[PDB]
Amino acid sequence: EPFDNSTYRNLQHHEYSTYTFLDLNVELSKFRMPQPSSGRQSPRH
Amino acid sequence: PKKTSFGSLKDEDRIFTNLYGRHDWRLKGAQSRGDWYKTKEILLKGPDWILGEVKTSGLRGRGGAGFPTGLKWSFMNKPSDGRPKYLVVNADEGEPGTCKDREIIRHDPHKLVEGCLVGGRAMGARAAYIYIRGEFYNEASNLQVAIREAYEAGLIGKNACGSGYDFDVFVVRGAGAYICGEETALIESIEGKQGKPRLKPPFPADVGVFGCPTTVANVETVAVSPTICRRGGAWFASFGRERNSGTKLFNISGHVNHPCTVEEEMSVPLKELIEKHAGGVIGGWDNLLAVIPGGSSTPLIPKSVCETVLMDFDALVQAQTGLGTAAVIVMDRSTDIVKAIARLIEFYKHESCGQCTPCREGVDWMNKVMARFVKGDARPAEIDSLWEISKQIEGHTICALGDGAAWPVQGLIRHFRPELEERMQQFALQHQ
Amino acid sequence: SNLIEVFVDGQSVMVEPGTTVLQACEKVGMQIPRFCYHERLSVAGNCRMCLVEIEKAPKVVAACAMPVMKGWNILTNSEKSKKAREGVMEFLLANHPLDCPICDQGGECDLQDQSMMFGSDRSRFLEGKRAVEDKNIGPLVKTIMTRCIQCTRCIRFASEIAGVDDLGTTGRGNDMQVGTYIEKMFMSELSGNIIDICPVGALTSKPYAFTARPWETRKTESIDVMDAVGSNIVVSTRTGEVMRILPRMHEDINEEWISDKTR
Amino acid sequence: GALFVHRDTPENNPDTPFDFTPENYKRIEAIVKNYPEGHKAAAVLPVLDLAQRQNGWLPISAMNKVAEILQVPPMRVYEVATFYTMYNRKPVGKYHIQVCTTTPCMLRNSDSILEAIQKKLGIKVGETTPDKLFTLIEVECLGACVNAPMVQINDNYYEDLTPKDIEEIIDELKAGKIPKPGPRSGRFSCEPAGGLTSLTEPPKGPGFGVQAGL
Ligand SMILES: Cc1cc2nc3c(=O)[nH]c(=O)nc-3n(C[C@H](O)[C@H](O)[C@H](O)COP(=O)(O)O)c2cc1C
Ligand code: SF4
Ligand code: SF4
Ligand code: SF4
Ligand code: FES
Ligand code: FES
Ligand SMILES: [K+]
């Protein structure tokens, strides 16, 4: 609660893994808007 | 009335108050530090008011070029022709000497997220794409944790902040390329190709990522905006000189007692920065050899110039250098400056995307020539050739990497030709 | 009636909007130097040989990719335009192999001709040159890839005209190489057309190799009978012997392409 | 070496067994939906990175698998593989030591860290230890210039190393345990080592310098 500029507060990334970012993306897919569409499926279509 | 010495910024007027990660970087901590405050009102004021305040602040690009932010962001004010519009936050941070973006994305990530919201609303964009360098894995994961909290709190996504605006923030990691800091090379790296910059006459505001109207903005440019809109714009303009306005993050590295990242008022003397924040150059200010003021692209200045220079775009342009990214790399007198500039040119040779002839061939040529200059294995009639080759690369490439490679060479040749010729003469004496 | 007015060395021309600087110069009979640009391919803008000065504009522009603006005066022969060309040609020739006597392109190169017409007459490159290993893409195209100037014409042609995405670039910087990465044949009915579009001897015809020089051949213009398209061709002969077959432009039939059977 | 032409080996060939685990396919699915329909070639870089994070490196079979999954030509995936330096087109060690050797780190004696690493590992720059535990390369700027010479082992940043701290890091690396990343000196992230010449007061609460109704 008091001023604590005598300690680091970014110790979470010490416990990150190989799949932390991609798991976060997976859990983020929940709340996104539907993507726009260019009509086709690929420029080669 | 007016200011004449633009330094000694107080804690109150510092935007990035969690710069050292000594407070909570998550949503709970960020909110108590003023973040995400009345963002609904800022969005409801409309894009015109947000852009008007960004123009009032006089804010310029914090990722190099320094183009005015309000004018650049207003290229998206046009109506929609059906295509989506995106804000693309540049988080590549590949410039040697520069580590300021890294510090926002992990200690004030909510600043970046809410700046994405405010700007994208100002440009009328549906989503933000934060392109972080792949080497910043922990910072990217911290940013995505912040994005997840912003989503779960309703600040991003459907009915963002209660404004009715729908906004998304996607992080897309790079894969080890410094050229992907360049805005169009970054765009094409988002699209899954090689990070090769595009020819400019089609501008990103017309044809950007996925061929849609986009604005590419630096992390700091985006992140200051919520404080710009929430604090007044006039308040931001009351810092630094005219044109170059506000405050900047400074990276002081090199031959310095305390290399550090600090937020200092713009137009600060380089001396005040180095002595007050960085603790001075090792051995004192007498032991100063060059200083590179704005990251590896900005040419060096000698101790004489650096004695009474101010840290802003105009003052440093007067000194034949640039402000760049405000990444000062100081060198004491125990430094082989030819070796340092050759190392920088080697970096630029390793980072050239190879697309266009001048960068691809000439930066490699200049690396070969500069490697000889370290040994002295050259004649003094090659210095003028190196200058002419650098001018042949400058202004003839697709992107500004060629320019940012030619400029360190020119800044070395301009202020340290006697050292180059002394090395060449010593080599001629040793090898008969 | 929506034509805009631009100037090429002060001479006024009326061009459709979206016309590039190169095209506006083309309609006064001035051919801007170029390597990567091909009118039938997409615009790349990488060789930088087409750089030209716009009057009152401090920075040169790529004529092949830059759309003209109203009131622009193209200075195709100003000193800044010549120096841009000389610098670009110097960079192109810095690592280029000294293969002109042994390279089949010699005498009809483009690098040679534009070095003579737009570049300097001497070298100040005092270093060792680049060398890349050869690629085998079939028995039709000999790829002496250390002659490649990375104009991407072959890649653009293969992707757009031929529809096969086999050609590409690997690496970056000075060691960026044009090829297939993997060992793979460039098989296509239109494969042999990357030989003609290649400005240099990087891509050459294997059957034609070492056999004739461009100046000694007699060029007879005729029609292909290997199919019912009737592609317009040029038959190169020398001392009473057919030497090779080249495409002959016909916008209505074959453009500037022929099939591999025709070639 | 770092050659940009592939040659088939009994280990690196199209028939080299590679496929994504179901969890990785779910992650790919989450990655693909981040881009508009008709523009899913924008996922080549992160899907390739996932292939590397699962397998450890990129055999040509992984490149072909990514190309198949995104229906992009394999050559397009080859270009991305050979352009971005974080893609291992050859196997690397368990710990990929990446020492920054460009000028701001060089001025802080990055060579005294490189020599300590080359002495402890008994290996040179650009090669792996026989136990396939450490690969050592020299990298360009890693965006940590404020911190004295730093390395990146795999995903972590170890900063302001002395020729002794990197020895300890490698010592606990060989002992299996992962070391705490960041500055190995007394400082925490990027602040001045002698003390905070900057923010040292309670930060202002929400709504401090506001105007009108924002
Ligand atoms: C080689 C090169 C690298 C760049 N790297 C970065 C970078 O890492 N971060 C950044 O913000 N801008 C970078 N830029 C500048 C961008 O191209 C662009 O001008 C800028 O991001 C626009 O946003 P701003 O006006 O807010 O700076 C780079 C430019 C070049 C030529
Ligand atoms: S200047 Fe260099 S990095 Fe930029 S497009 Fe040209 S070759 Fe690529
Ligand atoms: S491609 Fe042209 S310049 Fe190069 S060796 Fe052949 S003839 Fe000479
Ligand atoms: S092989 Fe020929 S056509 Fe292809 S990029 Fe090289 S020079 Fe251009
Ligand atoms: S012809 Fe315009 S750049 Fe190659
Ligand atoms: S200089 Fe080594 S991290 Fe940027
Ligand atoms: K050819």
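Counting starts at 1 for both ligands and their atoms, following the listed order. Chain A is the first sequence line, chain B the second, and so forth, proteins listed ahead of strands; every chain is numbered from 1. Hydrogens, waters and symmetry mates play no part in the numbers below; they use all other heavy atoms, side chains included.
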Starting from atom 8 (Fe) of ligand 3, which protein heavy atom do you reach first, and at what distance in Å?
-> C100(C) SG, 2.3 Å

Which of these, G106(C), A202(C), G201(C), has its nearest heavy atom closest to atom 1 (S) of ligand 3?
-> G201(C)

Which heavy atom in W407(B) sits nearest to a heavy atom in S297(B), and how many Å separate them?
-> CB-O, 3.4 Å

Which segment of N46(C) sits under 4.0 Å of ligand 5 when only heavy atoms are counted | backbone

Heavy-atom contacts with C36(C) under 4.0 Å: which atoms of ligand 5 show up? List them by number with element.
-> 1 (S), 3 (S), 4 (Fe)

Would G45(C) count as a contact of ligand 5 if the rule is a heavy atom under 4.0 Å away?
-> yes

Atom 6 (Fe) of ligand 3 sits nearest the protein heavy atom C103(C) SG, 2.3 Å

Which atoms from ligand 6 have a heavy atom of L142(D) less than 4.0 Å away?
-> 3 (S), 4 (Fe)

Quick note on ligand 6: atoms under 4.0 Å from a heavy atom of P104(D) include exactly 1 (S)

Which ligand 5 atoms, with their elements, are less than 4.0 angstrom from a heavy-atom of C64(C)?
-> 1 (S), 2 (Fe), 3 (S)

Run the numbers for me: atoms of ligand 5, each under 4.0 Å from some heavy atom of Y37(C), listed by number.
-> 1 (S)

Within the distance-only criterion (no hydrogens, no angle test), does the side chain of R343(B) pair as donor or acceptor with the backbone N or O of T103(D) below 3.5 angstrom?
-> no

Considering the heavy atoms of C100(D), write down every atom of ligand 6 situated less than 4.0 Å from one of them.
-> 1 (S), 2 (Fe), 3 (S)

To the nearest 10°, what's the angle at atom 4 (Fe) of ligand 6 between atoms SG (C145(D)) and SG (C141(D))?
-> 100°

Tell me: protein heavy atom nearest atom 2 (Fe) of ligand 3, and distance?
-> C109(C) SG, 2.3 Å

Select the closest option to atom 4 (Fe) of ligand 3 among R147(C), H96(C), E108(C), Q112(C), judged by heavy-atom distance.
-> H96(C)

Atoms of ligand 3 under 4.0 Å from any heavy atom of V200(C), numbered from 1 in the order shown, are 1 (S)

Distance from atom 3 (S) of ligand 5 to nearest protein heavy atom, with residue and atom | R48(C) N, 3.1 Å

Close-contact set for ligand 6 against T102(D) heavy atoms, below 4.0 Å = 1 (S)

Could you list which atoms of ligand 6 come closer than 4.0 Å to a heavy atom of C105(D)?
-> 1 (S), 2 (Fe), 3 (S)

Counting from 1 in the order shown, the ligand 6 atoms closer than 4.0 Å to a non-hydrogen atom of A144(D) are 3 (S)

